[PDB]
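K.L.:
Have a look at the structure that comes next, please.
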Amino acid sequence: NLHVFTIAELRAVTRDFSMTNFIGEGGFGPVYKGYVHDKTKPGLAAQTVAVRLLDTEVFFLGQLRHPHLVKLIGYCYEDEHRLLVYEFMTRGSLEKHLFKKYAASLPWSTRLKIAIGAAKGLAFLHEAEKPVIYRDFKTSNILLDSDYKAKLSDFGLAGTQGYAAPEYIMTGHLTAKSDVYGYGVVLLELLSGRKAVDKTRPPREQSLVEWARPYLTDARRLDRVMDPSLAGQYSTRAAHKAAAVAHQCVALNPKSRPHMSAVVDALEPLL
Ligand SMILES: Nc1ncnc2c1ncn2[C@@H]1O[C@H](COP(=O)(O)OP(=O)(O)OP(=O)(O)O)[C@@H](O)[C@H]1O
Ligand SMILES: C[C@@H](O)CC[C@@H](C)O
Numbered sequence: 004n005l006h007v008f009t010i011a012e013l014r015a016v017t018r019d020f021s022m023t024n025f026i027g028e029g030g031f032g033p034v035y036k037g038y039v040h041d042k043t044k045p046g047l048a049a050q051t052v053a054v055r056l057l058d070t071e072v073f074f075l076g077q078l079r080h081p082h083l084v085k086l087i088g089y090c091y092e093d094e095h096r097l098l099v100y101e102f103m104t105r106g107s108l109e110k111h112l113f114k115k116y117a118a119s120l121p122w123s124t125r126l127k128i129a130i131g132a133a134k135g136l137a138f139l140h141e142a143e144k145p146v147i148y149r150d151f152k153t154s155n156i157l158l159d160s161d162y163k164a165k166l167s168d169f170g171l172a189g190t191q192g193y194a195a196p197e198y199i200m201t202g203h204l205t206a207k208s209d210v211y212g213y214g215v216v217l218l219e220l221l222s223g224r225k226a227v228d229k230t231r232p233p234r235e236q237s238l239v240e241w242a243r244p245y246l247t248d249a250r251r252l253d254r255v256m257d258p259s260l261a262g263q264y265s266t267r268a269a270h271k272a273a274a275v276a277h278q279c280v281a282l283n284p285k286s287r288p289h290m291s292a293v294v295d296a297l298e299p300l301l
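Take the sequence shown: its letters are residues 4 to 58, 70 to 172, 189 to 301, numbered as in the deposited numbering.
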């Protein structure tokens with residue numbers, strides 16, 4: 004289900020790629036904010052979009079449709095340019111909200127909903143006809159809509191930050207379990223409110239994974255890891271189960287890490 008756009012249409016959509024509509028340029032290329040009006044494409048509702056200038071694969075991407083995957087609306091191939099048109103995620107990436115000092119906009123139930131939605135999207139990608147695996151799955155791959163519903167971005171386009195599973199750093203072999211490790215790191219970020227690696231913290235606290243691991247089996251000392259801004263919003267039972275899910279996902283042994291569908295099944299009851 005993909006619309007084909009010309010560059011002329013995308014100039015209308017992005018106000019000729021105006022400097023004001025540029026929102027950033029990561030590893031996969033620049034992204035511009037835009038708008039499709041009701042008349043822009045037959046059968047396409049008016050909406051805000053994100054246009055990536057990428058730096070037959072698109073037909074497969076168009077099949078990866080799921081409530082927790084950012085929708086690919088269409089594409090444009092012209093004069094050696096390859097552009098992708100996605101639904102615009104109104105609240106942007108999870109790290110903008112989570113790495114705030116307090117992250118008071120993300121109460122416990124919202125963080126659980128984000129964790130569950132991201133797990134559902136990753137399980138869908140891993141269970142696809144051709145398994146879709148990230149090279150660098152991290153917090154910024156989770157984008158948020160106006161309801162803080164989580165949807166995964168940059169799927170199918172493919189360790190200093192701390193999201194790379196240790197065996198992947200050493201070998202570079204892409205496996206679904208490497209994504210599960212990164213998911214576990216993000217879950218620890220959601221539980222703790224802390225970035226995965228923060229060199230300004232004391233040496234033993236720099237790595238969120240290395241520092242939190244001994245505490246994830248200690249229910250009476252789990253409060254040291256939990257975000258202080260969440261105090262009073264969670265039961266110890268729910269916090270310890272979520273911590274145990276994260277603990278399993280960041281297991282040094284990849285065979286210990288769960289399938290993402292099992293992560294969904296373990297986290298959904300906490301809501
Ligand atoms: N569909 C979308 N809706 C809203 N914002 C988006 C969308 N896709 C990308 N963005 C935002 O556009 C900016 C550039 O995205 P990009 O993915 O290139 O950079 P990044 O995610 O910060 O870096 P990297 O992907 O290399 O880790 C980021 O702020 C990103 O969150
Ligand atoms: C703009 C009109 O010529 C249609 C463009 C196709 C490629 O969708």
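Just so you know, even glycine gets a beta-carbon here, dropped at the ideal spot from N, CA and C.
#1: Leaving out five residues before and five after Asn4 in sequence, what residues of the same chain have Cβ atoms less than 8 Å from its Cβ?
#2: Can you list, in chain order, the stretches of the alpha helix (DSSP H) that have 4 or more residues and sit fully within the region 128-171?
#3: Would you mind reading off the limits of the beta strand (DSSP E) that contains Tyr100?
#4: Considering only residues of the same chain and omitting the five flanking positions on each side of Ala133, which have a CB-CB separation below 6 Å?
#5: Quick one, which of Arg105, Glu298, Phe74 and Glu240 has its alpha-carbon nearest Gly88's?
#6: On the three-pair Cβ rule with 8 Å, is the region 154-171 touching the region 111-128?
#7: Just verifying my parser: in three-state terms, what is the DSSP assignment at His203?
#8: What is the DSSP secondary structure of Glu197, reduced to helix, strand or coil?
#9: With the cut-off set at 8 Å, would you say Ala195 and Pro33 are in Cβ contact?
#10: Taking its Cβ as the centre, do 16 or more other Cβ atoms sit within 10 Å of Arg125, making it buried, or is it exposed?
#11: For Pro145, which residues in the same chain have their Cβ closer than 8 Å to its Cβ, ignoring the five residues on either side in sequence?
#12: Do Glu219 and ligand 1 come close, with the Cβ less than 7 Å from some heavy atom?
P.N.:
Walking through what the data contain:
#1: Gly76 and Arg79
#2: none
#3: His95 to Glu101
#4: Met290, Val293 and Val294
#5: Ranked by Cα distance from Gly88, the first of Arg105, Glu298, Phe74 and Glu240 is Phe74.
#6: Taking a cut-off of 8 Å on C-beta distances, the region 154-171 touches the region 111-128, as three or more cross pairs fall below it.
#7: In the structure shown, the three-state DSSP call for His203 is coil.
#8: helix
#9: The answer is no: Cβ separation not under 8 Å.
#10: buried
#11: Closer than 8 Å at the Cβ level, and outside the excluded window around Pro145, lie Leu139 and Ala206.
#12: no
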